[PDB]
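Here's my sequence, what's the structure:
(chains A and B, ligands or ions: 2)
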Amino acid sequence: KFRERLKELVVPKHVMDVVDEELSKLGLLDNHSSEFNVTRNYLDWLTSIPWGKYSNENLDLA
Amino acid sequence: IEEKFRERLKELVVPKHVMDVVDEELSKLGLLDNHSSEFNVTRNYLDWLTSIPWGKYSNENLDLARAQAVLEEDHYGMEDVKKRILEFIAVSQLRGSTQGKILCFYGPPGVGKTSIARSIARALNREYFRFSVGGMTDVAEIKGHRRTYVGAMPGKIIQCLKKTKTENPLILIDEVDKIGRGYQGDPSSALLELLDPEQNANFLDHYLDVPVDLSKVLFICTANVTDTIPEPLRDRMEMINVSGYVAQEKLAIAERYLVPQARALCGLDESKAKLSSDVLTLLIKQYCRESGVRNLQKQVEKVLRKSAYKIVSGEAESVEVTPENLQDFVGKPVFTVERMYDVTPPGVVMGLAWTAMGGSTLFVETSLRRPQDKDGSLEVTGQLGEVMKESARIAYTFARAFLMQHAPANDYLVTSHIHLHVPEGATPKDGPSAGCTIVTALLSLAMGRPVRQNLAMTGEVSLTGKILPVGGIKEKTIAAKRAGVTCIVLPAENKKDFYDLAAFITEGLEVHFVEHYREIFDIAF
Ligand SMILES: Nc1ncnc2c1ncn2[C@@H]1O[C@H](COP(=O)(O)OP(=O)(O)O)[C@@H](O)[C@H]1O
Ligand SMILES: [Mg+2]
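Numbers count the residues shown, from 1 in each chain, chains lettered A, B, ... in the order given. Ligands and ions are numbered 1, 2, ... in the order given. Now the structure:
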């Protein structure tokens, strides 16, 4: 479910190789627990940050 | 037990960002063991999350008539604070929704800054809560501790919201100027998080771990001096100066509030112990000349307790106080004499001075130091400051110049040696307010003519004789009226200060406003 939030966003490898590991850790931990909550937050706000989104700068001085 | 937490949430319009936390916490409660410690901490966390009010606002009374009637019911004479509150209601009617401000009341002790908060809350129909940050050393009182700790509890603000059960109460933060800058976490940083509109809307408590909207609460902060509140804090809250009370106002509170309450806490009826208006006015004049009302309360309580002792001991069945025997109850008068001179000799002129204990009268005496009908000199004594010494020099030069043209044949000032004294040796005095008084004293000594016998004056003088505005007009006017002055001279630039005063202060004074000293010369001679 977290992967779809970065499907349309370019993600660097050095964090993508941690996203899947943390997702596996979430999938092996028991539901609704302290460690589960921490891993849920960590996955959520890895997949929420805009790795591949760049705002267009204004090139015109006018 | 989950159904109880669920039913507690029916009347609350809970925001999603905390409703989703509540849902998973109930899930954890449904997954944990019955007697586990983690179960207990989770259940306490849900109790706190469901007891905090979400969306509940008290029915704020908006009627500007009923609110006002509440304001004058409890406190007398605090016009500025009452007007500020009634213009909070107005602005919150024209906007439509309950609004919040962060208001700071500062002033001398015992003027009603702390007590008016309850009356304001009553007028607004808002829940009232008070906590004092004086001597506060740690941040855990405001922001709490993480719930992972054994004895974790939320901060003062969360307990306030839980007790008041409304999201728009009146929170009185007392002694914000004396908050202690502790080592392990400065609580002033948390006060900055509370008193900041851009972030108080999502104030986060360590125990709750969720933000709460404190933009609707009316923070009232009470302080003594504005010079020592932290700089990022004092710039984000409106400063309202609660000034002290004049003698007539003090009489009003005494007759209306202080004496009845003292009788209630003493048991003496008006028949057993008589306290007429004249006795109270004498107490104000001679003993209670401060700015607050605590000294007046203590004096009234002293009189009533001495009357109670007289009644209980069987010395008398009733005690009646008179101005002839008030000193038998309250001892030696603090201010027994208002003016040194009743009829001024030629060399002296009456002036006015500012003082914390109300206005003060000063006289300027000049005398001939050496026998004479090379040049003259002026000796100056009286613990006069450097600025006042310079003012005396300027006044001496202008007096010489003025007498050179008004009375060309009169060479008294340029040849005679003169000593000028302000007769209070132990008290230091400073400021240029006495320039016109010094000029008048020198000219009256030179001409051998006393000034008007009920005249007082104050005002800075230039080298060419122009009169400049001076400060402390209220205190000087009060001192003049108290000392029986009928005619007072003021700079023309102080007309707005003089007419800003209450009508009962300036009622009996024949005030004159002047631009140049020649007008003062025409008035005094
Ligand atoms: N204007 C006033 N009218 C009536 N009572 C007053 C007034 N100002 C102060 N008081 C009384 O003084 C007492 C203490 O005042 P307080 O609120 O402590 O002043 P401060 O906040 O300056 O310390 C209160 O019980 C209150 O009844
Ligand atoms: Mg107070």
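
who touches stretch A:49-60?
The contact list for stretch A:49-60 (CB atoms under 8 Å, 6 or more residues apart in numbering or on different chains) reads A:6, A:9-12, A:15. For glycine as for every other residue, the C-beta is placed from the backbone atoms N, C-alpha and C.

now do 7 Å
A:9-12 (CB atoms under 7 Å, 6 or more residues apart in numbering or on different chains).

With stretch A:17-31 instead?
By CB under 7 Å, 6+ apart, stretch A:17-31 touches A:2, A:35-36, A:39-40, A:42-43, A:46-47.

Need the buried ones from the contacts of stretch A:49-60 selected in PyMOL.
In PyMOL, this line selects whichever of those come out buried by 16 or more other CB atoms under 10 Å in any protein chain shown:
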select buried, chain A and resi 11
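
Pick the one among the contacts of stretch A:49-60 closest to chain B.
Nearest to chain B among the contacts of stretch A:49-60 is residue A:9, at 23.7 Å by CB to the nearest CB.

tell me the secondary structure for that closest one?
Following DSSP: H, G, I helix; E, B strand; the rest coil, residue A:9 is assigned to coil.

quick one: the residue lying closest to it once chain neighbours are set aside and residue A:22, what's the gap?
Leaving aside its chain neighbours, residue A:9 sits nearest to residue A:52 (4.3 Å; criterion: CB to CB, 6 or more residues apart in numbering or on different chains). Here the distance between residue A:52 and residue A:22 works out to 19 Å (CB to CB, to the nearest Å).

quick one, which of those two is more surrounded?
Under the neighbour definition other CB atoms under 10 Å in any protein chain shown, residue A:52 and residue A:22 were set side by side, and residue A:22 has more, 16 against 10.

Now the one helix or strand that one maps to: buried residues?
Taking DSSP states H and E as the criterion, residue A:22 maps to helix A:13-28. Neighbour counts over helix A:13-28 (16+ other CB under 10 Å) mark A:19, A:22-23, A:26 as buried.

Checking the single nearest residue of chain A relative to ligand 1 next. Helix, strand or coil?
Of all residues in chain A, residue A:41 sits closest to ligand 1, at 46.2 Å by CB to the nearest ligand atom. Look at residue A:41: counting by three-state DSSP, its state is helix.

how much space is there between residue A:15 and chain B?
According to CB to the nearest CB, to the nearest Å, residue A:15 and chain B sit 26 Å apart.

how about stretch A:9-25 as CSV, C-alpha atoms only?
In CSV, the C-alpha atoms belonging to stretch A:9-25 read as follows (Å, rounded to 0.1, in the frame of the first residue of the first chain):
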residue,chain,number,x,y,z
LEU,A,9,7.5,9.4,-8.0
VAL,A,10,11.2,8.7,-8.8
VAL,A,11,12.8,7.2,-5.7
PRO,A,12,16.6,6.9,-5.2
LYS,A,13,18.0,3.4,-4.8
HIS,A,14,19.8,4.0,-1.5
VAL,A,15,16.4,4.6,0.2
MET,A,16,14.4,2.2,-2.0
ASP,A,17,16.5,-0.7,-0.7
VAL,A,18,15.5,0.3,2.8
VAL,A,19,11.8,0.9,2.0
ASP,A,20,11.3,-2.8,1.0
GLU,A,21,13.2,-4.1,4.1
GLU,A,22,11.1,-1.9,6.4
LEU,A,23,8.0,-3.1,4.6
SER,A,24,9.0,-6.7,5.1
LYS,A,25,9.6,-5.9,8.8
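
and that stretch, how far from the chain's centre?
7 Å (CA atoms, centre = their mean, to the nearest Å).

again, but for stretch A:17-27
Using CA atoms, centre = their mean, the offset of stretch A:17-27 from its chain centre is 11 Å.

residues contacting the nearest residue to residue A:2 once chain neighbours are set aside?
Using CB to CB, 6+ apart and skipping residues adjacent in sequence, the residue nearest residue A:2 is residue A:47, 4.3 Å away. Residue A:47 is in contact with A:2, A:5-6, A:19, counting by CB under 7 Å, 6+ apart.

any idea which of the residues you listed is closest to residue A:62?
Nearest to residue A:62, judged by CB to CB, of those is residue A:6 at 36.8 Å.

For residue A:26, see how far away that closest one is.
Residue A:6 sits 15 Å away from residue A:26, going by CB to CB.

again, but for residue A:5
For residue A:5, the distance to residue A:26 - CB to CB - is 14 Å.

And residue A:36, by the same measure?
7 Å.

Can you give me the buried ones in the one helix or strand residue A:46 maps to?
Assigned by DSSP H and E, residue A:46 belongs to helix A:34-47. Across helix A:34-47, burial judged by 16+ other CB under 10 Å covers A:36, A:39-40, A:42-43, A:46-47.

Quick one: residues contacting residue A:45.
Residue A:45 neighbours (CB under 7 Å, 6+ apart): none.

quick one: it and chain B, what's the gap?
14 Å.

Let me know the outermost residue of chain A.
Residue farthest from the centre of chain A, counting by CA atoms, centre = their mean, is residue A:62 at 37.7 Å.

what residue is smack in the middle of chain A?
Most central in chain A (CA atoms, centre = their mean) works out to residue A:47, at 1.6 Å.

Can you name the residue of chain A nearest to chain B?
Closest point on chain A to chain B, by CB to the nearest CB, is residue A:32, at 4.8 Å.
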